[PDB]
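Just below is one structure, and these are the notes that go with it.
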Amino acid sequence: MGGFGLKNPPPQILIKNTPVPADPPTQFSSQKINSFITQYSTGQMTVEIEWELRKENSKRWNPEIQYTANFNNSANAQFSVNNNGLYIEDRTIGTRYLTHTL
Amino acid sequence: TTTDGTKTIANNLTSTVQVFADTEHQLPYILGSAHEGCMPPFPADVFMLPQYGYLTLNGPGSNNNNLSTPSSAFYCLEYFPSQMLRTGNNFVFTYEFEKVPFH
Numbered sequence: 620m621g622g623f624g625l626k627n628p629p630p631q632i633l634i635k636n637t638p639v640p641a642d643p644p645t646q647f648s649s650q651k652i653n654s655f656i657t658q659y660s661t662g663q664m665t666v667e668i669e670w671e672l673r674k675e676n677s678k679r680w681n682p683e684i685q686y687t688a689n690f691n692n693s694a695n696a697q698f699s700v701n702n703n704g705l706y707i708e709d710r711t712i713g714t715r716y717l718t719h720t721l
Numbered sequence: 312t313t314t315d316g317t318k319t320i321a322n323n324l325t326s327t328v329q330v331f332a333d334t335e336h337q338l339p340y341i342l343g344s345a346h347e348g349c350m351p352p353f354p355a356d357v358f359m360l361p362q363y364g365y366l367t368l369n370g371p372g373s374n375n376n377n378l379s380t381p382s383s384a385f386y387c388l389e390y391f392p393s394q395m396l397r398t399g400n401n402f403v404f405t406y407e408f409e410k411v412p413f414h
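Residue numbers (full-length UniProt numbering), protein chains in the order written: chain U, 620 to 721; chain A, 312 to 414.
Next comes the structure, spelled out in structure tokens:
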């Protein structure tokens, strides 16, 4: 599907709500505790990647194909939110534009 | 100089030739395609140097597949720094292969 094959990829990160049981009966029972307190959780996360990139030196004379926002007028701008508040992606953008000698 | 059908060849002392080696492989590389124009096998022969040329992407249109695609590259070789040589001065450089397995 494309990508970087890794022997030792980034570690999976797993999270759970710790169970909080509801009021236990007064008499003892060895069976599992069936009833819990309904709860959920929320909070922010952040991810910081450091990328290394190969600089481009090409002596070709004439200009190259490049990615350009669609030059047309439109009811909704490209890669932007619409009236209802929904973010819309126009184009899968490939990485291959700049030419290189074979 | 050509006067009638009699050529007159003189020696122009102030003219230059200009040469450069491309060490970054930024030009299309036509060596190793087994063309002619190498040194002769026998040291006493004199040979004429081959012309340089390359051919880029082509693309279809109408009945002609020979149209130039947008990404067809054009390389100007005067856009490379090169050393200009008169008759007195000379040119040299060295190169070192990376390790490859014995044949």
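Ideal Cβ placement from N, Cα and C applies to all residues, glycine included.
Bridge partners - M395/A, DSSP secondary structure assignment
DSSP output for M395/A lists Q329/A as bridge partner(s).
Unbroken beta strand (DSSP E) run spanning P371/A, endpoints
369-372
Beta strand (DSSP E) segment containing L378/A, residue limits:
375-379
Residues, ordered as in the chain, of the segment 390-403 of chain A that lie near chain U by beta-carbon distance below 9 Å
Result list: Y390, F391.
What residues in its chain sit with their C-beta under 8 Å from that of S660/U, if we drop five residues either side in the sequence?
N636
Does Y706/U come out as helix, strand or coil in the three-state DSSP assignment?
Residue state, collapsed to three classes: strand.
Would you say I712/U reaches chain A, if we count a Cβ-Cβ gap shorter than 9 Å as a contact?
no
Distance cutoff 9 Å, beta carbons only. Does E675/U sit that close to anything in chain A?
no
Alpha-carbon to alpha-carbon, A345/A and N676/U:
28 Å
CB of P638/U within 9 Å of CB of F623/U, strictly
no
Selection of the segment 336-347 of chain A by Cβ proximity to chain U, strictly under 9 Å:
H336, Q337, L338, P339, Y340
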